[PDB]
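>>> Fold the following for me, if possible:
(chains A, B, C, D, E, F, G, H and I)
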Amino acid sequence: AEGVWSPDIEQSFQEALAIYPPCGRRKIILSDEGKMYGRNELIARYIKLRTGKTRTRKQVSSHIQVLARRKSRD
Amino acid sequence: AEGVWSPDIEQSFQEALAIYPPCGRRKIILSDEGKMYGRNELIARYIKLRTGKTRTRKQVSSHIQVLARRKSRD
Amino acid sequence: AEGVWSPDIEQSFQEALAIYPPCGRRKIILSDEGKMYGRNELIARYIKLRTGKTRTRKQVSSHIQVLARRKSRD
DNA sequence: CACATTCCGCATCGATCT
DNA sequence: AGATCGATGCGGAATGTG
DNA sequence: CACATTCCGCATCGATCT
DNA sequence: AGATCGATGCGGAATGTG
DNA sequence: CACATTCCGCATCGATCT
DNA sequence: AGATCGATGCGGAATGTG
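Numbers count the residues shown, from 1 in each chain, chains lettered A, B, ... in the order given. Let me share the structure:
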């Protein structure tokens, strides 16, 4: 009941969320050359480049799904 | 003569401005699938995801045009 | 031995670094219309839109190459 | 519940084939 | 060499599970 | 003036047509 | 089924307007 | 060393040419 | 008018250089 898992990462995550395609969007353009990334895969790499923590694109696949279940409570 | 319309939104707006294609640019790639957005439409959605306020892509079409008329004063 | 060259710019630069394609990436899509930009060229324009300083895409070509030589020390 | 972990269309992408 | 078709890999939905 | 609101090329995109 | 042509929708310029 | 400055494939892009 | 081929211009590697 304390410091296992972060709330500065939550701000970083939310920065990313906002940066990219806010309430969507662009789908999956890994269609150019020989390494291009997906939406969640970016946000992940953003958080590793803004804290250091490794938080994966499936740790993200999860969280998000979380946050829409919250905006189902009305 | 006080709190009608914001200057934290001005910073958010300017963040967006800088994020996207600084002094331009990329035009209008809503050309992929079945919902992709235009430059100003992004920045708008950025500000709603960073304050909460609804500020539209025409509220932006306006402001900007403002800010180049200022950089006409020399 | 003081204020020649900046460490707030270093944070701005690192913001950009993180924004765009974190540890890469997207190559060089200046392939749309009649003015679209390269990775470093963006980050540069980000820093001029976030401080004011002109720092060029070759001032960047340099720095970076710096920062991987550091992550060669192990 | 806050989580991780199978699913499900997709959409490319390297190898047979008129 | 150009269409054809199994890789493989993503995001997001649907599920485990502690 | 700081604003909102028509314009203007564009550039896709769903429906007739050799 | 593939070119052809009105939708529709954006950003940015040119205008209202309080 | 922290720097700027040639290189090197690339990959578009405006002008000759079946 | 569509392929063909020198522009030109980027990022990143390899070098100057103070």
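
>>> rest of the way, CA atoms for contacts and neighbours
Fine.

>>> what about the residue of chain A found nearest chain B, distance to residue A:62?
Going by Cα to the nearest Cα, chain B is nearest to residue A:18 of chain A, at 5.5 Å. Remark: distance between residue A:18 and residue A:62 (Cα to Cα, to the nearest Å) = 18 Å.

>>> more crowded one of these two?
Under the criterion of other Cα atoms under 10 Å in any protein chain shown, the comparison of residue A:18 against residue A:62 puts residue A:18 first, with 22 against 11.

>>> Go through chain A and flag its longest helix.
helix A:57-70 (DSSP state H).

>>> Buried residues in that one, which are they?
A:57, A:60 (16 or more other Cα atoms under 10 Å in any protein chain shown).

>>> hmm, who's touching that helix?
A:40-41, A:43-44 (Cα atoms under 8 Å, 6 or more residues apart in numbering or on different chains).

>>> which residue sits closest to the residue most central in space within chain A in space, ignoring its chain neighbours?
Centroid-nearest residue in chain A: residue A:43, 4.1 Å away (criterion: Cα atoms, centre = their mean). Nearest non-adjacent residue to residue A:43, counting by Cα to Cα, 6 or more residues apart in numbering or on different chains: residue A:16, 5.3 Å away.

>>> if we can go back for a sec, any idea how far residue B:7 is from the residue nearest to the centre of chain A?
28 Å.

>>> go on, residue A:53?
Distance from residue A:53 to residue B:7, by Cα to Cα: 33 Å.

>>> And these two? Which one has more around it.
Each of residue A:53 and residue B:7 has its neighbours counted (other Cα under 10 Å); residue A:53 has more, 13 against 9.

>>> Brilliant, that's me finished.
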